[PDB]
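A.B. asks: If you're matching positions, the sequence shown starts at 84 in this note's numbering and goes up one per residue.
For every residue, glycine included, the Cβ atom is placed at its ideal position computed from N, Cα and C.
Below you will find the structure I want to go over with you.
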Amino acid sequence: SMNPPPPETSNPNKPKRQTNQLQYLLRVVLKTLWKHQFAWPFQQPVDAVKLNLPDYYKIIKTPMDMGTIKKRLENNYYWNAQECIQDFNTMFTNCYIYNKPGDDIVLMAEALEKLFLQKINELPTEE
Ligand SMILES: COc1cc(Nc2ncc(F)c(Nc3ccc4c(n3)N(COP(=O)(O)O)C(=O)C(C)(C)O4)n2)cc(OC)c1OC
């Protein structure tokens, strides 16, 4: 049993730029979620080998995690905020698909998502 390669966090062929929205996503949104007490299961790719979840990457074919998102932001991998927002949504959705509703990990994800949505409502206008 093996893990897939993690999602890419840089690509020399993918155009990049900075925007105040992407800055906010790193400095406020990611930062808030990253330091939250429920962040830890989401701070790196799911290690299915270690967790003995041999079915994880059979069920989840679009993995995503905040470690990857953090590196993507730091590496200026994204062109726009919606790409980053999509990654957070993929991360939450994977949890809700793989785990049973009501499991603690689902409650942790829901708490993080609630907080995420609050911060996204406060996204600044593009400069
Ligand atoms: C409920 O299923 C999920 C569980 C998690 N849990 C989850 N997410 C992230 C973790 F870091 C983590 N730590 C963890 C959890 C269980 C563990 C171990 N570590 N280690 C320690 O590894 P290290 O030696 O310290 O490196 C082990 O050695 C064994 C004994 C194999 O059991 N668990 C995380 C999930 O999604 C993000 C899950 O949904 C897929």
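Can you give me the Cβ contacts of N182 inside the same chain, cut-off strictly under 6 Å, excluding the 5 residues immediately before and after it?
C.D. replies: For the purposes of this step, residue 182 is taken as residue 99 along the sequence shown, with counting starting at 1. Same-chain partners within the cutoff: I188, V189.
A.B. asks: State whether the segment 147-155 contacts the segment 167-176, with contact taken as three or more CB pairs (one from each stretch) at a distance under 8 Å.
C.D. replies: Output reads yes: the segment 167-176 touches the segment 147-155.
A.B. asks: Which of the three DSSP states, helix, strand or coil, is assigned to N159?
C.D. replies: Taking the first residue of the sequence shown as 1, we reach residue 159 at position 76. In the structure shown, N159 sits in coil (DSSP, three-state: anything other than H, G, I, E or B).
A.B. asks: So, does the segment 154-173 touch the segment 86-93, judging by three or more C-beta pairs under 8 Å?
C.D. replies: Yes: the two stretches touch, three or more of their Cβ pairs being nearer than 8 Å.
A.B. asks: Classify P124 as helix, strand or coil using the three-state DSSP reduction.
C.D. replies: Numbered from its first residue, the sequence shown carries residue 124 at position 41. The answer is helix: DSSP assigns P124 an H, G or I state.
A.B. asks: So, under 8 Å CB-CB, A164 and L105 are touching, yes? Tell me the CB distance rounded to an integer number of Å.
C.D. replies: The residue labelled residue 164 in the question sits at position 81 within the sequence shown. The residue labelled residue 105 in the question sits at position 22 within the sequence shown. Rounded, the Cβ-Cβ distance is 6 Å, consistent with contact.
A.B. asks: Could you give the residue range of the alpha helix (DSSP H) that holds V189?
C.D. replies: Within the sequence shown, the letter at position 106 stands for residue 189. Its alpha helix (DSSP H) spans residues 187-204.
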